[PDB]
Amino acid sequence: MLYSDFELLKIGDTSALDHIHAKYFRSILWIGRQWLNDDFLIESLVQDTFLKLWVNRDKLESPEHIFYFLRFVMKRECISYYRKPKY
DNA sequence: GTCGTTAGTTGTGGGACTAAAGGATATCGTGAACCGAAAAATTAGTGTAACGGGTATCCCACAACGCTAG
């Protein structure tokens, strides 16, 4: 049975994350490049966004919701770096 | 008819490009709210004066003779 990637993420199978990563990696990279200008920090934030999606995988309800989550989170990460004294 | 071989491309990638002086730049995008951390300021509490001998030092002044008789 070929379940959709939403149910693979819900099950607890790590290859699901490979699927969502390979699908939305470049979109999240573009989202980050829109808000910042440091590719290093953008890549770090993309990794954090996907890992935090995996951690909060017990909070998704819709197949599209996953995508929304990613975009949302990634944006706010960029936003937080406007306030960090270190950065 | 079919498979490995060799040479000559062909596309693609990595590496060079005097010497002297000088040598200034400008650098977006914003989400909230609470807790913890330490660095700083404000506040509360206790106090001497002369005396006895005896002796160490200081400043300050003066002395350190000359003659006659038993």
# chains A, B, ... in the order shown; residues from 1 in each chain; ligands from 1
call {"tool": "interface_residues", "arguments": {"of": "chain B", "to": "chain A", "cutoff": "12 Å", "atoms": "only C-alpha atoms (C1' of nucleotides)", "output": "MDAnalysis selection string"}}
result
chainID B and resid 27:32
call {"tool": "residues_around", "arguments": {"residues": "residue 72 (chain A)", "least_positions_apart": "4", "cutoff": "12 Å", "atoms": "only C-alpha atoms (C1' of nucleotides)", "output": "list in words"}}
result
residues 28, 31, 32, 45, 46, 49, 50, 52, 53, 65, 66, 67, 68, 76, 77, 78 and 79 of chain A; 31 of chain B
call {"tool": "atom_distance", "arguments": {"atom1": "CA of residue 42 (chain A)", "atom2": "CA of residue 86 (chain A)"}}
result
16.0 Å
call {"tool": "atom_distance", "arguments": {"atom1": "CA of residue 73 (chain A)", "atom2": "CA of residue 57 (chain A)"}}
result
13.3 Å
